[PDB]
>>> print(open('structure_37.csv').read())   # CSV, C-alpha atoms
chain,number,residue,atom,x,y,z
A,1,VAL,CA,8.5,12.6,22.9
A,2,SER,CA,11.4,11.5,25.1
A,3,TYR,CA,9.0,8.7,26.3
A,4,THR,CA,7.9,7.4,22.9
A,5,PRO,CA,8.2,3.7,22.0
A,6,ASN,CA,10.8,2.5,19.6
A,7,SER,CA,10.2,0.4,16.5
A,8,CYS,CA,12.7,-2.5,16.4
A,9,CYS,CA,13.2,-5.7,14.6
A,10,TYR,CA,13.2,-8.9,16.8
A,11,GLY,CA,14.0,-11.4,14.1
A,12,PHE,CA,15.0,-10.7,10.5
A,13,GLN,CA,13.7,-12.1,7.2
A,14,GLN,CA,16.5,-14.4,6.1
A,15,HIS,CA,15.3,-14.9,2.5
A,16,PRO,CA,15.4,-12.0,0.1
A,17,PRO,CA,12.0,-10.7,-1.0
A,18,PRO,CA,11.1,-10.0,-4.6
A,19,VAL,CA,12.5,-6.7,-5.6
A,20,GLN,CA,9.4,-5.9,-7.8
A,21,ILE,CA,7.3,-5.5,-4.6
A,22,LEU,CA,9.8,-3.2,-2.8
A,23,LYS,CA,9.1,0.6,-2.6
A,24,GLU,CA,11.7,2.1,-0.2
A,25,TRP,CA,13.6,1.4,3.0
A,26,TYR,CA,14.3,3.1,6.3
A,27,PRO,CA,16.3,2.1,9.4
A,28,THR,CA,14.8,1.1,12.6
A,29,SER,CA,15.5,3.2,15.8
A,30,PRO,CA,19.2,3.6,17.0
A,31,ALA,CA,17.7,2.5,20.4
A,32,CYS,CA,17.2,-1.0,19.2
A,33,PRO,CA,19.5,-3.8,20.4
A,34,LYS,CA,20.2,-5.1,16.9
A,35,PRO,CA,20.3,-2.6,14.0
A,36,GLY,CA,17.6,-3.1,11.5
A,37,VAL,CA,16.1,-1.8,8.3
A,38,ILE,CA,12.6,-1.9,7.0
A,39,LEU,CA,12.1,-2.9,3.4
A,40,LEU,CA,8.7,-1.4,2.7
A,41,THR,CA,6.6,-3.0,0.1
A,42,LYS,CA,4.2,-1.3,-2.4
A,43,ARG,CA,1.3,-2.9,-0.5
A,44,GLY,CA,2.8,-1.3,2.8
A,45,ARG,CA,4.2,-4.5,4.4
A,46,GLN,CA,7.1,-3.8,6.7
A,47,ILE,CA,9.8,-6.4,6.2
A,48,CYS,CA,12.6,-6.6,8.9
A,49,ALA,CA,16.0,-7.1,7.3
A,50,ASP,CA,19.5,-7.2,8.6
A,51,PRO,CA,21.8,-4.4,7.3
A,52,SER,CA,24.9,-6.5,8.2
A,53,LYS,CA,24.0,-8.8,5.4
A,54,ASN,CA,25.4,-8.0,2.0
A,55,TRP,CA,22.2,-8.9,0.1
A,56,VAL,CA,20.2,-6.4,2.3
A,57,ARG,CA,22.7,-3.6,1.6
A,58,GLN,CA,22.4,-4.3,-2.1
A,59,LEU,CA,18.6,-4.0,-2.1
A,60,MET,CA,19.0,-0.9,0.1
A,61,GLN,CA,21.2,0.6,-2.6
A,62,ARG,CA,18.6,-0.1,-5.3
A,63,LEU,CA,15.8,1.6,-3.2
A,64,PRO,CA,15.1,5.1,-2.1
A,65,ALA,CA,15.7,5.8,1.6
A,66,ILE,CA,12.5,7.4,2.8
A,67,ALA,CA,11.6,8.3,6.4
A,68,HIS,CA,8.4,6.7,7.5
A,69,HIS,CA,7.5,9.2,10.4
>>> encode(input="structure_37.csv", output="structure tokens")
Amino acid sequence: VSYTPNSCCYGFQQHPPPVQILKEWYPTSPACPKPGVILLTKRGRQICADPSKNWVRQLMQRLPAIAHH
């Protein structure tokens, strides 16, 4: 849908989550002003994280990249 809303992070989580709760990750929309990733937890919590941060890239590497929709 050319008129669908876009999911974006306005604010990122600055402190690393516990790896044990993380399931997978996926990027937010390319339409967003600041590029983001979601770290999705086993309980389904969507954690906004900044892929310009090395610690976020390292978690990303350890997790499967799995499209949400």
>>> atom_distance(input="structure_37.csv", atom1="atom CA of residue A:60", atom2="atom CA of residue A:18")
12.9 Å
>>> atom_distance(input="structure_37.csv", atom1="atom CA of residue A:35", atom2="atom CA of residue A:23")
20.3 Å
>>> residues_around(input="structure_37.csv", residues="residue A:40", least_positions_apart="4", cutoff="8 Å", atoms="all atoms listed in the file", output="PDB file with C-alpha atoms, keeping the file's coordinate frame")
ATOM      1  CA  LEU A  22       9.800  -3.200  -2.800  1.00  0.00           C
ATOM      2  CA  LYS A  23       9.100   0.600  -2.600  1.00  0.00           C
ATOM      3  CA  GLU A  24      11.700   2.100  -0.200  1.00  0.00           C
ATOM      4  CA  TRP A  25      13.600   1.400   3.000  1.00  0.00           C
ATOM      5  CA  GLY A  44       2.800  -1.300   2.800  1.00  0.00           C
ATOM      6  CA  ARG A  45       4.200  -4.500   4.400  1.00  0.00           C
ATOM      7  CA  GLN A  46       7.100  -3.800   6.700  1.00  0.00           C
ATOM      8  CA  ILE A  47       9.800  -6.400   6.200  1.00  0.00           C
TER       9      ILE A  47
END
>>> closest_residue(input="structure_37.csv", among="A:38, A:54, A:65, A:21", to="residue A:7", atoms="all atoms listed in the file")
A:38
>>> atom_distance(input="structure_37.csv", atom1="atom CA of residue A:57", atom2="atom CA of residue A:39")
10.8 Å
>>> residues_around(input="structure_37.csv", residues="residue A:11", least_positions_apart="3", cutoff="10 Å", atoms="all atoms listed in the file", output="PyMOL selection string")
chain A and resi 8+14+34+36+48-50
>>> closest_residue(input="structure_37.csv", among="A:19, A:26, A:33, A:43", to="residue A:66", atoms="only C-alpha atoms")
A:26
>>> closest_residue(input="structure_37.csv", among="A:15, A:20, A:9, A:29", to="residue A:67", atoms="all atoms listed in the file")
A:29
